[PDB]
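# Analysis of the macromolecular model
One letter stands for each residue in the lines below.
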Amino acid sequence: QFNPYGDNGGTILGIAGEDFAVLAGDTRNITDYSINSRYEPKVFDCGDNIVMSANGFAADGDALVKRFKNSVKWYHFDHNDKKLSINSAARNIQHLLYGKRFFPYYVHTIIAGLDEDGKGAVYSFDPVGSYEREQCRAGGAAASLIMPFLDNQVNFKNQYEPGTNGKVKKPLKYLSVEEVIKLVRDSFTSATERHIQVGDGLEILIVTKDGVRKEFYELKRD
Amino acid sequence: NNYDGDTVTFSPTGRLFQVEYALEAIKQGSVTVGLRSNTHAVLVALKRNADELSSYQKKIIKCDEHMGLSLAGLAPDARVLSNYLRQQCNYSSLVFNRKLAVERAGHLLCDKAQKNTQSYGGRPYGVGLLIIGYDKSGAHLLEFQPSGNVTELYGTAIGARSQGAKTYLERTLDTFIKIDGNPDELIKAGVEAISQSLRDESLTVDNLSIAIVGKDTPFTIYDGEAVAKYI
Amino acid sequence: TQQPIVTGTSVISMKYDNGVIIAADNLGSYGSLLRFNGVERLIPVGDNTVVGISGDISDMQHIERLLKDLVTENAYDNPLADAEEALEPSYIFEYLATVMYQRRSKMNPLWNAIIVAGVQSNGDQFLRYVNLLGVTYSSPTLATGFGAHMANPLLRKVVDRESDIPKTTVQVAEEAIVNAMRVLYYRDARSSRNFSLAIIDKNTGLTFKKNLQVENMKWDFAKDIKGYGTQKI
Amino acid sequence: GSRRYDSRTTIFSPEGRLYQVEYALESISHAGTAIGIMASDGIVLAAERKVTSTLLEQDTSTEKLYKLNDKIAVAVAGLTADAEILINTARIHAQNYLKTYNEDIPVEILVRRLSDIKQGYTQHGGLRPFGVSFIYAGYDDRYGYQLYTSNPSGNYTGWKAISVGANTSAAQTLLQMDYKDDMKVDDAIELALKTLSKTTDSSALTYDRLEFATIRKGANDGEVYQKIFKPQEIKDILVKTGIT
Amino acid sequence: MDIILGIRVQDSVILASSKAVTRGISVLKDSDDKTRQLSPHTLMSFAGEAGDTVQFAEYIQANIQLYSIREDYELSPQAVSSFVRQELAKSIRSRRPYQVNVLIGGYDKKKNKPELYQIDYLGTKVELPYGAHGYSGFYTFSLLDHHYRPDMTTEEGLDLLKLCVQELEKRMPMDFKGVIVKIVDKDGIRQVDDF
Amino acid sequence: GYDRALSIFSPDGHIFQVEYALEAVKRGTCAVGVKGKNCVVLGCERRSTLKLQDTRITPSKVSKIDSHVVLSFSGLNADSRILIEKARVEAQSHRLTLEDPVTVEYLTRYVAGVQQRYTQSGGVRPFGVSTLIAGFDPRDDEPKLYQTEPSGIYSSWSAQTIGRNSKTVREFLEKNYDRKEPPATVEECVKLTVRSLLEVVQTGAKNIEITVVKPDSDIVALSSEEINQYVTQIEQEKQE
Amino acid sequence: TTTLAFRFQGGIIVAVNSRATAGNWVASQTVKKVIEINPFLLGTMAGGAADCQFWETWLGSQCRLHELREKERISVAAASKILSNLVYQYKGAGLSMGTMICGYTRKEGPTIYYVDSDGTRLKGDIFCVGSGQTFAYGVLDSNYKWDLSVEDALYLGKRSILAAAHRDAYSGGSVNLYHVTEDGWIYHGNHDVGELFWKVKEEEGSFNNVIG
Amino acid sequence: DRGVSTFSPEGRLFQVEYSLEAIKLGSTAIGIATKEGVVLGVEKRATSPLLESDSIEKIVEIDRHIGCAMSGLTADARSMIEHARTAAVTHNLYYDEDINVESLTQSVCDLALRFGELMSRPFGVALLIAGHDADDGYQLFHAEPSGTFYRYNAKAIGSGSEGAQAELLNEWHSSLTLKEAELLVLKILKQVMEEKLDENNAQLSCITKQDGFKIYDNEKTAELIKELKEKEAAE
Ligand SMILES: *[C@@](C)(CO)[C@](*)(O)[C@H](CC(C)C)NC(=O)[C@H](Cc1ccccc1)NC(=O)[C@H](CC(C)C)NC(=O)[C@H](CCc1ccccc1)NC(=O)CN1CCOCC1
Ligand SMILES: [Mg+2]
């Protein structure tokens, strides 16, 4: 019987800073035990300082990104070139996803950018449209490997102040773009080591008030 | 007389009066000018107001990053046709990953307007359009009429007293066509062209409306203080 | 819901410095029966694109007709149909990719894997894959079916990344493709010796080679192999 | 287009009248008179056939009086063909009600629905109205014996005695004169015939130019019987009242 | 939804319906009224699939109330039961049928007689002296066969009903949290608050 | 389907079909609505050219939409049935979804909306009917009286009349009805309603219908003798 | 999930956890399971995240349209029935929702309606919904009285979620409190179970099963 | 007869031009836009003294940030308001934000020309749509049955429109306060109205960023009427 879904592997990661936000994702595309491409980007600049990635079944992911990019275009036409805020984009994506509630897009979607106060924002979606704003989110094949490490290093979970008898927690603070990119690179090199579907290359998209910058790094190709 | 009740009726001399009356709505509309060189294409539009307390009716509409038009006549009909162009431009991008040719844009508009002139119940569109764009074969300018007739031109003008600007462009043809790699000078030629259609009124800051598209220039519209340079 | 009846096996391809090469054998299998031997599975579109198709042949012939009709439709009201407004590989691919995904979304797929190889108007190499699920991807080397498992490893030794493309000549690239076709003949049970090969170069244009054969095969060592373990005679 | 040939059947006059309904009523006024009289122990339906020919088969004929169910009947005035369309609908509606509730349909409910159909043809659809006026005669266990009338407008009203068709003005005056509330069926039969005999446009009223029917409780114990009179039975009742 | 009973006596119809609403391993509510008044002298109890029961009962209620306003007249219990049966008879061959079983207790004012109708989700109608739906019947029917008499009073009917509830409380596996009892007679519908 | 635009604008800016529908209302029998301090009364004319009528079964002029709301009308009788049916269905539909009976304003708004829809829908003509809708909102003791008309406009009235010779009875009500002090009792409200109809009717026998509506679904129609007592009382006080 | 809401002398308490799971994978610890429909209406979310989140924000739009059309705030009964009639249309399609519509109006007073995806709609004083509902019931029922103070009622709702958060594997994260009065709903903070458990253990002297 | 969507020889749609004549017969409605807010005021015009004037609803809320006044065949506006309210709420559902006043007006104006042989005729009512958004601030729009809308600093529609518009031309300036605008609507309404202006036969409203769209009470408007009369007698 024809199965309309497939697993293209890969993993993605979104972190939010004080005045910036990053959305990373490996460039490997796979089916079963074969490599399709060592460089197939799945993190996209969608305009209005919104970056997006829909990881999982690539065909559904490409369809979704394509439709959201088009939603942004028509938002400009219908509302006098108004900038689509990240929170408005998130709600719009929910309706795109839930629109196919009974034949879902098999993807974990993450978007990143700046909120209306200029502060870093990351939103994450399930396949049918449930969404939530967070400081931190990993998605895809190696999400289970990366996410607990982020809880520990970004949100300082389970870390207490030395000598305080485990009474005072380590205080929360925003990380610099330099410190965040270190965590992204270490997260992906670790995931590459222990997950077979993750590797080849790492592409990071950084979002500040100035625009959208890109950075690329090599990953192990085995 | 007896043959102007609907669009489905021919007159004894072979005329479609409802289509002609739709053409008349364009002549009452405010003047708009179109012209192009080899690198850029420019739209200049005189906007009209109800009174001093009102805003000035927007004449120019964007269709894609590389295409757009100006209107003269019924504005709601321009909104329908421009929306159709937006969808066709968009279909071409999503399906074929291809920017829609300005010539095809014209062919599609022609065919949409035509269907309204051969069927009972409907009516012709009551608006004239000047479409500009930059595609794989360079800069383009089209003139749409609601009879269905679409015409590719170097320059033109439609609306009330459009004959003045049309005569000027016919004289200036050899000059403005060679304004390559110079946006501001091509606009100046268009602003001087539309000025030949002015009576008693002159071009003010919230009256003039300019749009441009070209080789390394997306379709953008200039209004307000952004057109003060050209007065 | 379909099941494929008459099928075509691997399509293999790669980029080189000035263009792209693509190849596929001339077989139309009917299960284990090697039914049809004169089947062309590379279909040129204009003088700048070649679409290689594997999988169900009835669905392949449907796609042929669509591409044929696409050329006709593009020519309508188009004075620059053989110049600036000619069909690009990227246009042809995106059209097919749209169809493939629409058909999978209606639970009635075109049971195929497709590789669109060509050269763009600006000289850039185009090579992209799409299949029955609507999944798309691009790479310096692309292959379908058994080609993905056996050809890609060989072709990636020549062009392992983007920077290896300018360093690879058409002679070296074609040699690797022809070698890959031999390996597939050794090891793919639904392959044939006869195949077609197409080169799309930005300078010399489209070169379509028919009726090629796998040759320079190693079979001599077979005579020494006796039994399955102990047997000496 | 086709706009040119549209009569616009469903519009108002400047005076606030429905042209087509008024002209349909004018049509009905030339149809054979039909009379309904409601007594305390039954109902009478009498109707005059339209200028009869001697070679018309009289016994196996039905022009004026139709049966809707076991408890309800109607007298027709206007286009017969139009009436039969409405009658079959009314017959179906009565059976739908019986199928749904396992009870015979109340008279008014049937009358209302049939009148609602007529109303529809005056407000929408662009079709001509039904050129028909009915007199409904029926019984149910709620209101007992009931007489109604409906006309092309779709308006219906209840009556003790009523006439439709030709010469209703003259007929209604005569009914208003001799009718009284404690009347019996046999007396109502006589009134119905006497009224037709005076209002008729014919020279003399005869058996072959009449249709007649009664709805009595004259059956055995607490049940209603419908009697559509045969030619010979009309001949006898005409002699018995001293008209011929 | 589980236990609904009905007993027709000399001058009234008595309906008893369990109060429990259970979902999974939790009794979400213990005071649920599994009945709707269709008209001043007609009452319908119901039991079956979750959601369907109330949706169906209220749909019927609205239709009967619409009829009452239109005709300024109350439909007979027999007429209402026939209407309800037809709706269920349509339903069973629909894309998604109503899985609801009902008892209709009413007092016919024209006949001056109480009437009890039992209708299952297939549209199977029967007039009965006493009725039940679900597993309740497997205990109560044999009990009523023995103790029921046709000339009983309303008070005797309530004692007969108490006997049924006691038996159910003894031998039924599930805790149904007692019953709400309602009486339908010539004076309309009223609820017994202490049972 | 029949599509023709029957209701359309004329050069002077009028929709003649809607205005001709008002002429049908002007032809209809007079209907009056008067609201007191704790009640509303709906009076209705019945023309006396129709003798030999059966008043038991003849459709009554005042119709119950729900147990707490009533609707009277003037104009085409057949048209009124369609509005009443739709209103009754909407009344039950509101109870089903909102779990609360309609307010008088909501019911009026619905009926008015239906009338309006028929003024700009293809293939249909406007309703030749104006209605007086009266009653009391759920758990409320403030009397409500609304009027609708073929165009679709609706509004609330302290007292109002519609139908033939309605301009005469409106003239009467305008000087006899005090806003500062409405009819304090049921008797006062009924008397004022009957008085107003006696300016137009002819005889006070079987020509006048009266229906009284009180809070908490308390609606009752008066009989001939009950109404005749008001007629007898008013005439004796008049001779002065 | 675990969610509860109960009615009492001083209005309505509403309490919920904040964990989201995809099987045994803990996906989130910071999910907002209370939806703020308006200043007088709340909605709790259990079951399918998207189904709940999508249809309850949709419910809020329908409640806004009601007060625009009717010039009056929608009743709790009417609001809950819009949702129950919606999910009933999708019955059998596979929606998964266990919601509670809580609020105050003049005519109704404080009111709680349980609404789930198989069409059930119930008015009631106490409800617990979710995978850990039984654990919340255990503590809530055994300590519930109508005459609880606002302070004690807030704590009981918090403590009941904590009990479920502890025992139920698919419940935890943090507790979100709400108090609904005649004047509207009042938010009473986010309480992390990480710190709350030990704080409650020490002060209350409970949770003796756990190694202190 | 003749087609509904027919052009005249002058190039105008007959039915659209005739609907404009219906709007001239309607009661007066005035709108004034300031930097402190937008004011909307209407003439109620009760046809009889028995009619309870408070039931005359010619000023209407579309959303918290958008209000609306009407003039002409007011029954036609009901479906337009219904559409506007749905459009406003729907956009909030899709985009988690308020909708632009211009985008709302455009949505309403799209209905206008959806008639022919869709509905059977154009709307016989004009609308003044007033509101506020973060981008373009306080705005006043005039939405016609032609499908056209103009933005206005001040605008009058209805029977006394041409006389009132000429008065608004002289009186309006860019530094008007909200209180000044309120009095100016009352002043101009009193000039063009047939009957004498008071709190019962005229209604005021406003929309501000802070408090949103609010219809004024009869007690509040009565004080503004009294304040207006005193200021005119003071010089
Ligand atoms: C308690 C907390 C847990 O039971 C509550 O009951 C909560 C209610 C809150 C969240 C509103 N329920 C859940 O946490 C709920 C459990 C569940 C899971 C699946 C179906 C129904 C209920 N969790 C979810 O809904 C999660 C939300 C995650 C954390 C983002 N989503 C999924 O499980 C999604 C979508 C489910 C789905 C439903 C219907 C059709 C298609 C999909 N599924 C996946 O993410 C699939 N999968 C997860 C791991 O990554 C690979 C793919
Ligand atoms: Mg790896």
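For chain D, the name recorded in the PDB entry is Proteasome subunit alpha type-3, with Saccharomyces cerevisiae as its organism.

For chain B, the name recorded in the PDB entry is Proteasome subunit alpha type-6, with Saccharomyces cerevisiae as its organism.

## Here's the deal with the overall build of chain B
Each helix and strand in chain B was counted, giving five helices and ten strands. Rg of the C-alpha trace for chain B: 18 Å, near the compact-globule value of 17 Å for 231 residues, within the 12% margin. Taken along its principal axes, the extent of the C-alpha atoms in chain B is 50 × 50 × 35 Å. A burial count over chain B gives 54% of its 231 residues as buried. Restricting to contacts in chain B with at least 6 residues of sequence separation, those with at least 24 account for 62%. Accessible surface, chain B: about 9,900 Å² in total, of which carbon and sulfur atoms supply 46%. Taken as two groups, the 25 positive and 26 negative side-chain charges of chain B have centres that lie 4 Å from each other.

## Quick notes on the site of ligand 1
Taken together, 17 residues form the shell around ligand 1, and within it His108 of chain A together with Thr1, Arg19, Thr21 and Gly47 of chain G come nearest. The residues that come close to ligand 1 belong to more than one chain, namely chains A and G. A distance of 2.9 Å is found between a nitrogen atom of ligand 1 and a backbone nitrogen or oxygen belonging to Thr21 of chain G. Between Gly47 of chain G and ligand 1, the recorded distance is 2.8 Å, taken from a backbone N or O atom to a nitrogen atom. Isolated, ligand 1 exposes 990 Å² of accessible area, and the fraction of that covered by the protein chains is 67%. With three residues, strand β3 (residues 20–22) of chain G is the largest single contributor of residues to the shell around ligand 1. Here the residues of the shell around ligand 1 are counted per class, giving eight nonpolar, five polar and four charged.

## What to know about the interface of chain F and chain D
One frequent convention defines the size of an interface as the accessible area lost when the parts assemble. Each side of the interface is counted separately: chain F has 31 residues, and chain D has 41 residues. When the two sides are added together, the surface that chain F and chain D hide from each other amounts to roughly 3,000 Å², 56% of it contributed by carbon and sulfur. Counting across the interface, chain F meets chain D through two salt bridges. Between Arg4 of chain F and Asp6 of chain D there is a salt bridge, and its shortest N-O distance comes to 3.6 Å. Counting the contacts that link chain F with chain D gives 15 residue pairs in polar contact.

## Comments concerning the packing of helix α2 (residues 80–101) of chain D against helix α3 (residues 107–123) of chain D
All names here are of chain D. The contact between α2 and α3 brings their axes to 10 Å, and the two run at 135°. The angle between α2 and α3 places the two elements in the oblique class. Here α2 runs over α3; the crossing is right-handed. Here α2 contributes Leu86, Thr89, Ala90, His93, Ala94 and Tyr97 to the contact with α3, which in turn contributes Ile109, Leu110, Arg113, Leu114, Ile117 and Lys118. Across the contact of α2 with α3, the residue classes break down as eight nonpolar, two polar and two charged.

## Digging into the interface of chain F and chain E
Taken together, the contacts link eleven residues of chain F with eight residues of chain E. Where chain F abuts chain E, roughly 790 Å² becomes buried across the two surfaces, and 55% of that area is made up of carbon and sulfur atoms. Ranking the residues of chain F by area buried against chain E places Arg88, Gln92 and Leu96 of chain F at the top, with a combined share of 59%. At the junction of chain F with chain E, the criterion picks out one salt bridge. Remark: the boundary between chain F and chain E carries two residue pairs in polar contact. In terms of residue count, the dominant contributor to the side of chain F that touches chain E is helix α2 (residues 77–98) of chain F (six residues). Of the residues that constitute the side of chain F that touches chain E, the class distribution is three nonpolar, two polar and six charged.

## Observations regarding helix α3 (residues 104–117) of chain F
With 14 residues, α3 of chain F extends 20 Å between its outermost C-alpha atoms, agreeing within 8% with the 20 Å of an ideal straight helix rising 1.5 Å per residue. Inspection of α3 of chain F places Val104, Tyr106, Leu107, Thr108, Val111, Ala112, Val114, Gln115 and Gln116 of chain F among the buried residues, and these make up the whole buried set. Residues of α3 of chain F that are buried make contact with α2, β5 (129–135), β6 (144–148) and β7 (154–156) of chain F together with α1 (49–70) of chain G.

## Quick look at the pattern of salt bridges
Per the counting criterion, the structure on display carries 89 salt bridges over all chains. Of the charged contacts in the structure, one is a salt bridge between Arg38 of chain A and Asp200 of chain A, with a shortest N-O distance of 2.7 Å. Residue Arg38 of chain A is located in the loop between β4 (34–37) and β5 (44–45), and its partner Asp200 of chain A is located in the loop between α4 (177–194) and β11 (201–208); the two are separated by 162 residues in the primary sequence. For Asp200 of chain A, a relative accessible area of 3% corresponds to the buried category. The salt bridge involving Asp178 of chain F is made with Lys180 of chain F; its shortest N-O contact spans 3.9 Å. Judged by relative accessible area, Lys180 of chain F falls into the exposed class, the value being 75%. Residues joined by salt bridges that share partners form a network here, namely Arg36 and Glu58 of chain E, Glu99 of chain F together with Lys81 and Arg121 of chain G.

## Section: the environment of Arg149 of chain E
Residue and element names in this part refer to chain E. Turning to its location among the elements, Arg149 is positioned in the loop between α3 (137–147) and α4 (154–171). Of the residues examined, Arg149 reaches a relative accessible area of 44% and is grouped as partly exposed. Sequence separation between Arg149 and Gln10 is 139 residues; the distance between their C-alpha atoms is 9.2 Å. Engagement of the side chain of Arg149 in a polar contact is seen with the backbone oxygen of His146, the distance being 2.9 Å.

## Thoughts on the coordination of the magnesium ion (ligand 2)
Around the magnesium ion (ligand 2), the protein supplies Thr192 of chain A (O) and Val198 of chain A (O) as donor atoms, at distances of 2.5 to 2.7 Å. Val198 of chain A matches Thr192 of chain A in its accessibility class, with the two residues each being buried.

## A look at the packing of aromatic side chains
Summed over the entire model, instances satisfying the criterion amount to 44 aromatic pairs over all chains. For the pair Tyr118 of chain F and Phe127 of chain F, a centre-to-centre distance of 4.5 Å together with 45° between the ring planes defines the contact as tilted. Accessibility classification places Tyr118 of chain F together with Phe127 of chain F in one group, the buried group. Ring centres of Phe197 of chain G and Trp198 of chain G lie 5.4 Å apart, and the angle between their planes is 85°; on these two criteria the pair is classed as edge-to-face.

## Comments concerning the sheet that holds strand β1 (residues 3–8) of chain G
All names here are of chain G. Taking strand neighbours across the sheet as the criterion, the five strands line up as β10-β1-β2-β11-β12 in an open arrangement whose pairing is antiparallel. The outermost strands of the open sheet, each flanked by one partner alone, are β10 (126–129) and β12 (184–192). Taken pair by pair, the neighbouring strands of this sheet meet at an average axis angle of 10°, ignoring direction. Against the sheet, helix α4 (residues 150–167) touches β1, β2 (11–16), β11 (174–181) and β12, its axis set at about 155° to β1. Packed on one face of the sheet, helix α5 (residues 193–204) meets β11 and β12 and runs near 85° to β12.

## Quick word on α1 of chain G
All names here are of chain G. The end-to-end C-alpha distance of α1, which contains 22 residues, comes to 31 Å, matching closely the 32 Å that a straight helix rising 1.5 Å per residue would cover. When you tally the buried positions in α1, you get 17 out of 22 residues, the bulk of the element. Phi turns positive one or two residues past the end of α1, at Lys71, with a value near 50°.

## Some points on the nonpolar core
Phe68 and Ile111 of chain A together with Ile22 of chain C are the most contacted members of the largest nonpolar core, which has 49 residues in total. The dominant element in this core, judged by the number of residues it contributes, is helix α1 (residues 58–78) of chain A, at seven residues. Counting 47 residues, the second-largest nonpolar core is a separate cluster that includes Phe8, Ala46, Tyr137 and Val175 of chain G.

## Things to note about the sheet that holds strand β7 (residues 149–151) of chain H
Residues and elements named next belong to chain H. Spatial ordering of the open sheet is given by β3-β4-β5-β6-β7, a layout of five strands whose pairing is antiparallel. Two strands close off the open sheet at either side, each with one partner strand: β3 (59–63) and β7. Each strand of the sheet is rotated relative to its neighbour by a mean of 25°, with strand direction disregarded. Note: β3 against strand β4 (residues 66–72), four bridges, orientation antiparallel. Each residue of the ladder has a partner; that of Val60, found in β4, is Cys68. Strands β3, β4 and β5 (125–133) of the sheet are contacted by helix α2 (residues 77–95), whose axis makes an angle of about 25° with β3.

## A few points about the arrangement of the chains
Of all 15 pairs of chains that touch, the greatest number of contacts is found between chains D and F. A minimum C-alpha distance of 26 Å separates chain D and chain G, which share no contact.

## Some points on the pairing of strand β9 (residues 202–208) of chain H
All names here are of chain H. Taken across its seven residues, β9 has seven buried, putting it largely inside the fold. Relative to β9, strand β2 (residues 38–43) runs antiparallel, the two sharing six bridges. In the strand pairing of β9, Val42 is matched with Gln203. Direction of pairing for β9 relative to strand β10 (residues 212–215): antiparallel, over a ladder of four bridges. By the bridge assignment for β10, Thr208 is matched with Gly212. Hairpin geometry of β9 and β10 is characterised by an intervening segment of three residues between the two adjacent antiparallel strands.

Conventions and cut-offs
- Residues carry numbers counted from 1 along their chain as the sequence is written. These may differ from the entry numbering, and residues without coordinates are not shown.
- Following the order in which they are written, the chains are lettered starting with A and the ligands numbered starting with 1.
- Here the displayed chains are drawn from a larger assembly, and the quantities reported describe the displayed chains exclusively.
- Side-chain calculation: all heavy atoms of the structure are included, whereas hydrogens and water are not.
- The way it works is that DSSP assigns letters per residue, a run of H or I at least four long becomes a helix, a run of E at least two long becomes a strand, and they are numbered from the N terminus.
- Only C-alpha atoms enter the radius of gyration, while the globule expectation follows 2.2 Å times N to the 0.38, with N the number of residues.
- Exposed residues in this analysis have more than 50% of their type's maximum accessible area, buried residues have under 20%, and partly exposed residues fall in between, with area computed by a 1.4 Å probe over protein chains only.
- By definition, residues are in contact when any of their heavy atoms lie within 4.5 Å.
- We get accessible surface area from the Shrake-Rupley algorithm with a probe of 1.4 Å; when it comes to residues, only the shown protein chains can shield them.
- A residue counts as positive if it is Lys or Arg and as negative if it is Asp or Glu; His and the chain ends are not included.
- The atoms used to mark charge sites are NZ of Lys, CZ of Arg, CG of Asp and CD of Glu.
- Residue proximity to a molecule or strand is established when one non-hydrogen atom of the residue lies within 4 Å of it.
- Pairing of N or O atoms within 3.5 Å defines a polar contact, subject to two protein rules: one partner must be a possible hydrogen donor and the other a possible acceptor, and residues neighboring in sequence count only if both atoms are side-chain atoms.
- When residue character is reported, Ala, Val, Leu, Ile, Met, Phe, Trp, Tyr, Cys and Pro are called nonpolar, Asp, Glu, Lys and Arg charged, and the others, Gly included, polar.
- As a working definition, buried area equals the accessible area (1.4 Å probe) given up by two parts on being put together, with both sides summed.
- A side-chain nitrogen of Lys or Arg and a carboxyl oxygen of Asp or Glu constitute a salt bridge if their distance falls within 4 Å.
- Between N-to-C directions, angles span 0 to 180 degrees; the directions come from axes that are lines fitted to C-alpha atoms, helices contributing only their stretch in contact.
- Note on terminology: angles under 35 degrees are roughly parallel, angles over 145 are roughly antiparallel, angles of 65 to 115 are roughly perpendicular, and the others are oblique.
- Handedness of a helix crossing follows the sense of rotation of the near helix relative to the far helix, less than a right angle counterclockwise being left-handed and clockwise being right-handed.
- Given a helix with a known number of residues, its expected span is that number minus one, times 1.5 Å.
- Donor atoms: N, O and S within 2.8 Å of the metal, or within 3.2 Å for Na, K and Ca. Because water is excluded, sites can look incomplete.
- The pairing test for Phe, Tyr and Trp rings, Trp by its six-membered ring, is centres within 6.5 Å, and the orientation test on the planes gives stacked under 30 degrees, edge-to-face over 60, and tilted for anything in between.
- Criterion used throughout: strands pair if DSSP finds at least two bridges between them.
- The term nonpolar core refers to a set of buried residues drawn from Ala, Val, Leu, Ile, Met, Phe, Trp, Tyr and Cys, joined through side-chain atoms within 4.5 Å.

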